[PDB]
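>>> what's the 3D shape of this:
(chains A and B, ligands or ions: 4)
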There are 2 protein chains.
Amino acid sequence: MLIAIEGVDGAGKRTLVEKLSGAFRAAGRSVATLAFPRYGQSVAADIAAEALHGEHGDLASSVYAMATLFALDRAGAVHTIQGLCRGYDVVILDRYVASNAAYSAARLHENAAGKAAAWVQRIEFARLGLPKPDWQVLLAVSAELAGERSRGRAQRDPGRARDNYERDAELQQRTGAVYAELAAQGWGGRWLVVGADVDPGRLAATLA
Amino acid sequence: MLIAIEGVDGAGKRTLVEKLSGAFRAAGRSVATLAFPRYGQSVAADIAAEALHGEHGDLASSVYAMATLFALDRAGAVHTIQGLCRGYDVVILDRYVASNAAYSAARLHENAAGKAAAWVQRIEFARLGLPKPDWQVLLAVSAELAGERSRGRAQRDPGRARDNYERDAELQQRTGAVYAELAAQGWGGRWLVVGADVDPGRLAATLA
Ligand SMILES: Cc1cn([C@H]2C[C@H](O)[C@@H](COP(=O)(O)O)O2)c(=O)[nH]c1=O
Ligand SMILES: Cc1cn([C@H]2C[C@H](O)[C@@H](COP(=O)(O)O)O2)c(=O)[nH]c1=O
Ligand SMILES: [Mg+2]
Ligand SMILES: [Mg+2]
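Numbering: from 1, shown residues only, chains lettered A, B, ... in the order given. Ligands and ions are numbered 1, 2, ... in the order given. See the structure here:
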């Protein structure tokens, strides 16, 4: 089973991944986890991150360039994903293809039925052959609360300064709204929308 | 030995590669050839080409995005290049890293000592670990003549329509001038500047 955890910056995704993996393991399932972008493991992922911190000239000003780098990062992990799905009961992703649709649409002021989300579908699922997830879980959080979490993280960690997307409050709000539409539409596969108070034991039961 | 053939669009590079490989083989050397971008062999190369023909939204409007895709294409061929250099006497490339420096600088109206060429050095040779060529051969041609060749090619071949860079005459002229500076500077390794009338037998002797 392939599960993707989605949502805006500072939504609590990495914590939900650890809680969910604990819940599956408590129920006897083997769990593997992977997080995109794969910082350190691909040049595409690292250049993208650096571009969001102000490097690499005009790269980050192109919406489709940034999307392409994240897609190329995932394309480098296809055989890895397919291998994990063979070896493990549950594979849990911290961000996946839907992050590219939500952020790209939001940067362009488009909705979930617009051009960017359709491009992401065409490139990543069809052309690059990335598997569609069995479940995509939207961790829906107020944009204000998520933004406070990102700010807090940068304050206490010098290696977690906010990037260009995190600093853009209105982008984060628009991205939350596109994500809600993608879930309602069942984009890429079925979605669950959960809040910050979701129970990990029940959540894993729904997904099992 | 690793040789790169460089120069503007329509300069006659692919023909020089075939003539040069013939000259080396006539002298008893095994020759392997590779052409960048590697259309068909990498997603980065294909997306870049499609972006230059008007696809993928705002991708082609970023100079650093386009450079990054060509660099990522080459990064996918590093082990291939290293393998060819082990197995063959002469490896001949139709375009290599210097194409990224010349076109990127030209798009930004920079010269060979500017920021883009320095970025290409830092990313491709140092960070990605692409081998520096033993020889880079600049096939220097009038920009007007090269532009006529590109136009002619599109006229007789429906699968060779000109791309955004080929249609930009002033970009092609600026790119020729940056290339001349890169050669004079010995950027990336030693250069030879040849004309359209260069003798392939003598050229191969110089390079052998
Ligand atoms: C994985 C991914 C992230 N992004 C964004 C969301 C974040 O603001 C940023 C870096 O991801 P991060 O928040 O997980 O660590 O890039 C995309 O636009 N597309 C993608 O495919
Ligand atoms: C290989 C390469 C090509 N280019 C350009 C030159 C051409 O106008 C175009 C496509 O290459 P092509 O002319 O060999 O077939 O992209 C770069 O800007 N950087 C590179 O690294
Ligand atoms: Mg973030
Ligand atoms: Mg061309």
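>>> Going by C-alpha atoms from here, please, whenever you check contacts or count neighbours.
Fine.
>>> how many other residues sit next to residue A:93?
22 (other Cα atoms under 10 Å in any protein chain shown).
>>> Then residue A:125?
Close neighbours of residue A:125, defined as other Cα under 10 Å, add up to 17.
>>> what's the helix or strand containing residue A:177 packed up against?
Assigned by DSSP states H and E, residue A:177 belongs to helix A:169-185. Contacts defined by 3 or more Cα pairs under 8 Å, 6 or more residues apart in numbering or on different chains; DSSP states H and E place helix A:169-185 against helix A:97-107, strand A:135-139, helix A:143-156, strand A:190-194.
>>> any idea which of those is most buried?
Of the helices and strands packed on helix A:169-185, the one with the most neighbours on average (mean count of other Cα atoms under 10 Å in any protein chain shown) is helix A:97-107, at a mean of 25.
>>> what's downstream of that helix, the next helix or strand?
Immediately after helix A:97-107, counting by DSSP H and E, sits helix A:115-120.
>>> Kindly export that following helix (C-alpha atoms) in CSV.
Only the C-alpha atoms of helix A:115-120 are listed here, as CSV (Å, rounded to 0.1, in the frame of the first residue of the first chain):
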residue,chain,number,x,y,z
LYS,A,115,-3.5,24.0,-16.3
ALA,A,116,-0.7,23.4,-13.7
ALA,A,117,-2.5,20.5,-12.0
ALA,A,118,-3.2,18.9,-15.4
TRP,A,119,0.4,19.3,-16.4
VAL,A,120,1.6,17.6,-13.2
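>>> ok, is that helix in contact with ligand 1 or not?
No - using Cα under 6 Å from any ligand atom, helix A:115-120 stays clear of ligand 1, with a minimum separation of 9.3 Å.
>>> Repeat that for stretch A:29-46.
Yes - against ligand 1, stretch A:29-46 shows contacts by Cα under 6 Å from any ligand atom at A:36, A:37.
>>> Run through who's touching that stretch.
Contacts with stretch A:29-46, where a contact means Cα atoms under 8 Å, 6 or more residues apart in numbering or on different chains, come from A:17, A:21, A:24-25, A:49, A:69-70, A:72-74, A:76, A:84, A:88-96, B:72.
>>> hmm, back to that, which one of the helices and strands packed on helix A:169-185 lies nearest to ligand 1?
Closest to ligand 1 of the helices and strands packed on helix A:169-185 is helix A:97-107 (Cα to the nearest ligand atom; 3.5 Å).
>>> farthest residue from the center of chain A?
residue A:28 (26.0 Å; Cα atoms, centre = their mean).
>>> hang on, the earlier thing: gap between the helix holding residue A:177 and the chain center?
Distance of helix A:169-185 from the chain centroid (Cα atoms, centre = their mean, to the nearest Å) equals 12 Å.
>>> So which bits of that helix are buried?
For helix A:169-185, a neighbour-count test (16 or more other Cα atoms under 10 Å in any protein chain shown) marks A:171-183 as buried.
>>> Measure how buried the residue lying closest to residue A:164 once chain neighbours are set aside is and give me the count.
Nearest residue to residue A:164, sequence neighbours excluded (Cα to Cα, 6 or more residues apart in numbering or on different chains): residue A:52, at 5.1 Å. If you count neighbours by other Cα under 10 Å, residue A:52 ends up with 19.
>>> I'd like to know how far the residue nearest the centre of chain A sits from residue A:171.
Residue closest to the average C-alpha location in chain A (Cα atoms, centre = their mean): residue A:95, at 2.1 Å. Distance of residue A:95 to residue A:171, computed by Cα to Cα, to the nearest Å: 17 Å.
>>> quick check, residue A:34 in a helix?
No - the assignment for residue A:34, made by DSSP: H, G, I helix; E, B strand; the rest coil, is strand rather than a helix.
>>> From chain B, how far off is the residue in chain A positioned nearest to ligand 2?
Sorted by distance to ligand 2 under Cα to the nearest ligand atom, the residues of chain A start with residue A:59, at 14.3 Å. Using Cα to the nearest Cα, to the nearest Å, residue A:59 is found at 5 Å from chain B.
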